[PDB]
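Residues per chain, in single letters:
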Amino acid sequence: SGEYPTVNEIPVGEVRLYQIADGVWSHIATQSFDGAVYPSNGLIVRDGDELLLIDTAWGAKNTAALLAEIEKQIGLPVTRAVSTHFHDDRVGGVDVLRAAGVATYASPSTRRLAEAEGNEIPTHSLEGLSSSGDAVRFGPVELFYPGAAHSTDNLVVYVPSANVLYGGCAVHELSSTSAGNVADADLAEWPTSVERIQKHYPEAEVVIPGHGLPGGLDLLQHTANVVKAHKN
Ligand SMILES: CC(C)c1cccc2c(-c3ccc(CNC(=N)N)c(F)c3)c(C(=O)O)[nH]c12
Ligand SMILES: [Zn+2]
Ligand SMILES: [Zn+2]
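Strand order in this open sheet of 5 strands is β8-β9-β10-β11-β12, and the pairing throughout is mixed. Each edge of the open sheet carries a strand with a single partner, namely β8 (135-138) and β12 (206-209). Between one strand axis and the next, the sheet turns through 20 degrees on average, direction left out of account. Where strand β9 (residues 141-144) lies against strand β10 (residues 156-159), 3 bridges are found, and the strand directions are antiparallel. Bridging across to β10, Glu142 finds its partner in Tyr158.

Attention now goes to the site of ligand 1. The full set of residues close to ligand 1 is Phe33, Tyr38, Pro39, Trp58, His87, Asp89, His150, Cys169, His172, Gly180, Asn181 and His211. Between an oxygen atom of ligand 1 and a main-chain N or O atom of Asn181, the distance comes to 3.0 Å. Computed on the free molecule, ligand 1 has an accessible area of 580 Å², of which 81% lies beneath the protein chains in the complex. The residue inventory of the shell around ligand 1, partitioned by class, reads 5 nonpolar, 6 polar and 1 charged.

A word on the packing of aromatic side chains. On inspection of all chains with the given rule, the structure shows 5 aromatic pairs. Where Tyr38 meets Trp58, the ring centres are 6.3 Å apart and the plane angle is 25 degrees; that geometry is what we call stacked. Of this pair, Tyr38 sits in strand β3 (residues 36-47) while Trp58 sits in the loop between β4 (50-54) and α1 (60-73), placing them 20 residues apart in sequence. Under the relative-accessibility criterion, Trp58 is labelled buried at 7%. Here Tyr158 and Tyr201 contribute two aromatic rings whose centre-to-centre distance is 4.4 Å and whose plane-to-plane angle is 20 degrees, an arrangement assigned as stacked. Taken together, the residues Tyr158 in strand β10 and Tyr201 in the loop between α5 (190-200) and β12 connect sequence positions 43 residues apart. The burial state of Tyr158 is the same as that of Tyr201; both residues are buried.

Rules of the game
- Sequence-order numbering is used: residues on each chain count from 1 as written, possibly diverging from the entry numbering, and only residues with coordinates are shown.
- Chain letters and ligand numbers both follow the written order, the letters beginning at A and the numbers at 1.
- Side-chain measures were taken over the full set of non-hydrogen atoms in the model, leaving aside hydrogen atoms and water.
- The pairing criterion is simple: DSSP has to find at least two bridges between the two strands.
- The way it works is that DSSP assigns letters per residue, a run of H or I at least four long becomes a helix, a run of E at least two long becomes a strand, and they are numbered from the N terminus.
- The axes are straight lines fitted to the C-alpha atoms, using for helices just the contacting stretch, and the angles between their N-to-C directions are given from 0 to 180°.
- By convention in these notes, a residue is near a molecule or strand provided one of its non-hydrogen atoms lies within 4 Å of it.
- Definition of a polar contact: a pair of N or O atoms within 3.5 Å, with one able to donate and the other able to accept a hydrogen when the atoms are protein atoms, and with sequence-neighbouring residues admitted only if both atoms are side-chain atoms.
- Using a 1.4 Å probe, accessible areas were evaluated by the Shrake-Rupley method; residue-level cover was limited to the displayed protein chains.
- Each residue receives one of three labels: charged for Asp, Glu, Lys and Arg, nonpolar for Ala, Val, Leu, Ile, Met, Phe, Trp, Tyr, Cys and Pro, and polar for the others, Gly being one of them.
- Pairing of aromatic side chains requires ring centres within 6.5 Å, counting the rings of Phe and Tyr and the six-membered ring of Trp. Pairs whose planes differ by under 30 degrees are stacked, by over 60 edge-to-face, and all others tilted.
- For every residue, the accessible area obtained with a 1.4 Å probe (protein chains only) is divided by the maximum for its type, and the residue is called buried under 20%, exposed over 50%, and partly exposed between those limits.

This is how it looks when you write it as structure tokens:
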């Protein structure tokens, strides 16, 4: 009924949308992994009379539910999707998207890592993102590679029309105590990568983490803090 939806409010298999700004939504779903339930976010950006999707809803059935929820609440076709790193909360559901006619994209690094992990593999490679600080335009967003953080391949997404920064899993929510799932992370480089994001997007008004509640620019410094406390 208005506030941002939390993990215990979304049964596994249902998807919520949340209006972030004009023409910008987040999508929220929940999934089981190793016997615990987690929420996760993605993004939807209006692209004329089409939509750009950022990240799957963490699984095939969740992603089918996402497409149905978009049709119900927005009613414009999803034509392209970008996955922001190789984990299943970002690519699980790419096969559903591809069979629904959505063109799926990721960096070559993400595609290689997804293939090696046994995860679903986006079809198209996004060049121009291999060096930290690189940025490319993709429809109504800018894609930015900040350097290694949560994963070596993680991308962030900026919506310039709305000053919305989608940090993905390189950014944690303010209530977070922990650095999340760090299995593939670079804890030493992560603060430097966050500093790059801070320098590149100083006018961000909304910052969306990969998991949990959006906030403002403070999510960036908070993330650096939680990662440094973890590494130590
Ligand atoms: C590898 C991938 C598919 C995956 C599986 C299971 C958990 C995670 C997490 C995670 C783990 C705990 C928290 C703490 N917050 C809570 N609500 N439990 C959090 F935010 C994310 C991340 C992440 O870190 O990207 N990724 C995950
Ligand atoms: Zn991840
Ligand atoms: Zn994640």
